[PDB]
Structures are given as C-alpha cells and as structure tokens.
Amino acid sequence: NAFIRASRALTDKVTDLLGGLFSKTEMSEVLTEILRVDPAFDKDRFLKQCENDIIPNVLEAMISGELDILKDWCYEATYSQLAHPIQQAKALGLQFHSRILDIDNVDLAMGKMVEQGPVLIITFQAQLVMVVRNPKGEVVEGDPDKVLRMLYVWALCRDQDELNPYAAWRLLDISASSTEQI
C-alpha cells in the first residue's frame, strides 16, 4: 500500500535524526549491560512486547488520567512531571474521555546509559481522539470529533535488579509531535 509506505518512511527518518556519530558503539555498549543480566535478550522480541504490552497500557493510563497505574509504570521524576497536569484537572472535577484508535510503526531508534540503568529509545505512531469534559458534560479541552496523528519517542529504562525480564522496563521520558501534512 502507498500510504503504508509513506508512514514507514517517516519513522525511518526519525531514526536517522536520532543516530549520531557514536550511535553504533553506544547501542552496543548498552546491549552489553542488558545482556549481563538477561543473556537471552532479543531486540525483535523486545519490540513485540512494547507493541503488545508496554505502549498500550502506558499510553492508555496517560490519556485516561489513571494515576495509580501510571505510578507503577514510571520512574519517580518522570511520574511527577506527567502527574501534575492530571492532578490539576481532577481538582476541577474534569473528566477524561480520550481514546486510542490505533498504534503502529514501532521501532528501535537508539540506546544510552543513565544512572538508573540501560536505556532503549523507541518510536511509534499513534492515532488518538483527545477530549476532556467538565461536570456539565461540556468539552473544555481537546475535540471529540478530531483524530490526532502523533509520532512518539519513548525512553525506557531497565531495573537491573528485577528478577523477571518481562517486568523490568519502565518509562523514563517522552516527547512527541503531530504529523499533520506528512
């Protein structure tokens, strides 16, 4: 399909912009650290887990204002930044009616080491419908009839002390941008 190729082309360009002169050695060094604790680690299986588990659960919690779920999936400083806006909305008794339409083009962009552990940076595209309403049912944020096409970049960090490999990754950072006219 033509459209499918264009969206795939956009993802590849983002991966290029995230690939500096030292990206090959930095990725290899991060894999060395991950492999020390999880010898069976595989990049493709990891990306499958991101698409079927990590992304859907975290993104849903974010747009639905589910603070307890979000706190379990994020690092401390990360949670504080995401929580504040949600906490303000709840104080005004606002309602989160946002929903996810689709998620695709999941890919591995780069790797880096941080104090909390090894980091793998992924990207993906998603179609969302954002809408927040007040107690009266009136829309005070977003647009219930508009579909937003987003390009996300997520930094996931691994807890090197976690016994179970399928529960070792948590959200460390996130950036994004709409893809209108692309």
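Heads up: residue numbers just count along the shown sequence, starting at 1.
If you average the C-alpha B-factors over 108-116 and over 73-81, the higher value belongs to 108-116. Taking the mean C-alpha B-factor of each stretch as recorded, 45-53 and 140-148 are not equal, and the higher mean is that of 140-148. Per-chain ranking of the deposited C-alpha B factor places residue 164 in the highest third. Sort the chain's modelled residues by C-alpha temperature factor and residue 11 lands in the highest third, per the entry. Ranked by C-alpha B-factor against the other modelled residues of its chain, residue 126 falls in the middle third.
Split the chain's modelled residues into thirds by C-alpha temperature factor. Residue 132 is in the highest one.
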